[PDB]
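Since the structure comes first, as structure tokens, the remarks are kept for the end.
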Amino acid sequence: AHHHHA
Amino acid sequence: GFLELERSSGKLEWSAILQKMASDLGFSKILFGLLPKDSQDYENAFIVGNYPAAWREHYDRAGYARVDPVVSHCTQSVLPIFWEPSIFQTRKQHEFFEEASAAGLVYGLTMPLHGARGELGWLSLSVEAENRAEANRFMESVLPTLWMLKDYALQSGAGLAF
Amino acid sequence: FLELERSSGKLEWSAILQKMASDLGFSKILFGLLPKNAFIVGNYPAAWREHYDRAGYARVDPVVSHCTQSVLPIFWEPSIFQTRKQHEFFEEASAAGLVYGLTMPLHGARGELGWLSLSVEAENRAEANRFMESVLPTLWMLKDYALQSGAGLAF
Ligand SMILES: CS(=O)(=O)c1cccc(OCCCC(=O)N[C@H]2C[C@@H]3C[C@@H]3C2=O)c1
Ligand SMILES: CS(=O)(=O)c1cccc(OCCCC(=O)N[C@H]2C[C@@H]3C[C@@H]3C2=O)c1
């Protein structure tokens with residue numbers, strides 16, 4: 001859940 | 001400790017310490033990169049790590065800083081980006097990741113770096129695993145440690161670099 | 001952290017943050033974020049916040065100068081209050097109940113500048129330090145999640 005893609 | 005990072009008194013010693021820390025944590029290849037405020041002079045960024053030299057040269061020649069979704073993410077966010085297939089969306093990004101895998105960079109994540117004086121950079125770390133599920137399990141287990149590491153590396157690295 | 005990042009409005013977001021800080025053992029918090037007239041949330045005593053502005057303590061508080069130079073946390077320890085003005089400052093903070101705690105500097109991707117300050121209640125500084133160190137890895141993630149989501153909400 002820590003994966004981010006702005 | 002995170003302490004000998006701050007205590008290191010030279011880029012070469014510092015680099016060696018940070019390399020050993022990432023290795024000790026279980027990561028394979030790393031790239032720590034830092035630029036000063038409002039800079040896109042990638043060719044002169046403070047760079048440490050063991051990313052393959054052929055990949056680093058290919059990346060600069062192909063102008064990948066403008067393709068790589070990790071780089072654009074780091075300009076927008078302080079949160080980590082895992083190298084999930086789903087972030088390589090355009091054809092150029094898909095080809096970029098294919099090339100990355102030829103250089104051995106298949107599983108990993110990048111922590112954006114945003115310094116107190118506007119420094120901008122990244123701490124990228126690759127994982128060697130049998131599959132992406134295994135790689136993601138490992139990275140999630142060490143993420144709280146990595147989250148502190150990236151700010152200690154940012155603070156001490158920026159002091160040595162600028 | 002997800003419900004923080006998913007909050008709809010500032011009031012909901014502030015309430016979640018406050019609860020998360022309480023669950024980590026902190027009784028008072030102040031989150032402040034200036035753009036590149038800031039975004040302020042928390043439960044710091046209102047009279048302290050007013051005194052702080054009126055006294056111009058931003059130019060005295062060692063926490064503020066630390067945040068402009070670093071991304072690392074600073075614990076509120078006697079050794080950081082040096083000048084005379086800085087001792088008086090910490091004496092007044094005590095009157096407001098801000099005795100033990102730490103501040104995480106906030107440096108946003110778009111140049112936002114801020115702080116996440118957290119106060120803990122303890123019997124002595126050694127105990128306070130144990131309380132804070134025991135949750136510091138979680139706080140270290142929280143401050144970046146709060147930075148990213150708060151910057152998006154306020155600006
Ligand atoms: C080392 S360099 O030649 O001096 C250089 C020059 C210009 C820009 C640089 O940033 C690259 C850092 C971002 C990153 O890690 N993306 C991952 C995404 C994918 C697996 C593979 C990567 O590479 C580095
Ligand atoms: C809340 S406000 O009135 O709108 C306002 C207005 C202008 C500047 C503000 O930043 C101050 C935040 C830094 C901080 O927490 N230092 C601690 C250090 C020590 C126990 C005592 C503190 O206070 C806050």
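By order of appearance in the structure tokens: chains A, B, ..., then residues from 1 within every chain, and ligands from 1 in the order shown.
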Find the residues around segment 3-6 of chain A up to 10 Å (only C-alpha atoms counted), leave out those fewer than 5 positions away in its own chain, and share them as a ChimeraX atom specification. /B:69-70,72-84,86-87,109-110,136,140
Residue hits in chain C, query chain B, radius 10 Å, only C-alpha atoms, as a PyMOL selection string: chain C and resi 66-73+105-113+136-141+144-145+147-149
Return as a ChimeraX atom specification every polymer residue, whether protein, DNA or RNA, with at least one atom no more than 8 Å from an atom of ligand 1; count only C-alpha atoms and all ligand atoms. /B:30-33,42-45,47-48,51,53,55-60,63-65,68-71,83,96-97,100-101,105-110,122-126
Give me a file of those residues, with C-alpha atoms, as a short mmCIF file (atom, residue, chain, number, x, y, z; two decimals), in the first residue's frame.
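To be explicit, this is the file written out as again20.cif:
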```cif
data_model
loop_
_atom_site.label_atom_id
_atom_site.label_comp_id
_atom_site.auth_asym_id
_atom_site.auth_seq_id
_atom_site.Cartn_x
_atom_site.Cartn_y
_atom_site.Cartn_z
CA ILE B 30 21.49 1.49 -5.67
CA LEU B 31 21.67 4.97 -7.10
CA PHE B 32 21.73 8.00 -4.83
CA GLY B 33 21.46 11.22 -6.79
CA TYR B 42 21.62 15.83 -14.48
CA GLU B 43 24.98 15.45 -16.07
CA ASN B 44 26.63 16.94 -12.94
CA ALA B 45 24.40 15.54 -10.21
CA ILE B 47 25.86 10.41 -7.91
CA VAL B 48 26.81 7.46 -5.72
CA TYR B 51 24.11 1.07 -10.88
CA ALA B 53 27.81 2.11 -15.82
CA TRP B 55 22.85 1.75 -17.93
CA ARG B 56 23.85 5.14 -16.53
CA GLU B 57 25.47 6.12 -19.84
CA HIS B 58 22.54 4.75 -21.87
CA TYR B 59 20.09 6.65 -19.63
CA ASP B 60 21.88 9.96 -20.22
CA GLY B 63 17.40 11.32 -22.51
CA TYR B 64 15.52 9.03 -20.18
CA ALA B 65 15.20 11.60 -17.42
CA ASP B 68 11.27 7.62 -16.70
CA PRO B 69 8.04 7.82 -14.65
CA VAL B 70 10.13 7.63 -11.46
CA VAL B 71 11.74 11.00 -12.22
CA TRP B 83 8.90 -0.10 -10.02
CA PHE B 96 12.54 2.13 -21.20
CA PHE B 97 11.67 -0.57 -18.68
CA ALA B 100 16.24 -1.38 -17.70
CA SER B 101 15.67 -5.10 -17.32
CA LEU B 105 16.98 -3.40 -12.92
CA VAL B 106 13.72 -5.36 -12.70
CA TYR B 107 12.48 -5.05 -9.09
CA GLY B 108 12.95 -2.03 -6.88
CA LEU B 109 11.70 1.27 -5.59
CA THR B 110 12.74 4.91 -5.46
CA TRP B 122 16.35 10.20 -5.46
CA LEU B 123 17.44 7.09 -3.66
CA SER B 124 16.75 4.14 -5.96
CA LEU B 125 17.30 0.58 -4.78
CA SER B 126 16.95 -2.66 -6.74
#
```
Expected selection as a PyMOL selection string for ligand 2 within 8 Å, only C-alpha atoms and all ligand atoms: chain C and resi 30-32+38+40-42+44+46+48-53+57-58+61-64+76+89-90+93-94+98-103+115-119
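The smallest atom-to-atom distance between residue 34 of chain B and any of B:111, B:135, B:5, B:129, using only C-alpha atoms, is found for B:111.
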All residues 9 Å or closer to residue 155 of chain C, only C-alpha atoms, same chain fewer than 4 positions away omitted, as a ChimeraX atom specification: /C:35,39,150-151
Based on the selection just made, write C-alpha atoms of those residues as a PDB file, in the first residue's frame.
```pdb
ATOM      1  CA  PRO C  35       3.326  27.572   0.398  1.00  0.00           C
ATOM      2  CA  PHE C  39      -2.277  25.712   6.668  1.00  0.00           C
ATOM      3  CA  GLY C 150      -1.882  18.138   3.477  1.00  0.00           C
ATOM      4  CA  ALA C 151      -0.081  20.038   0.728  1.00  0.00           C
TER       5      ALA C 151
END
```
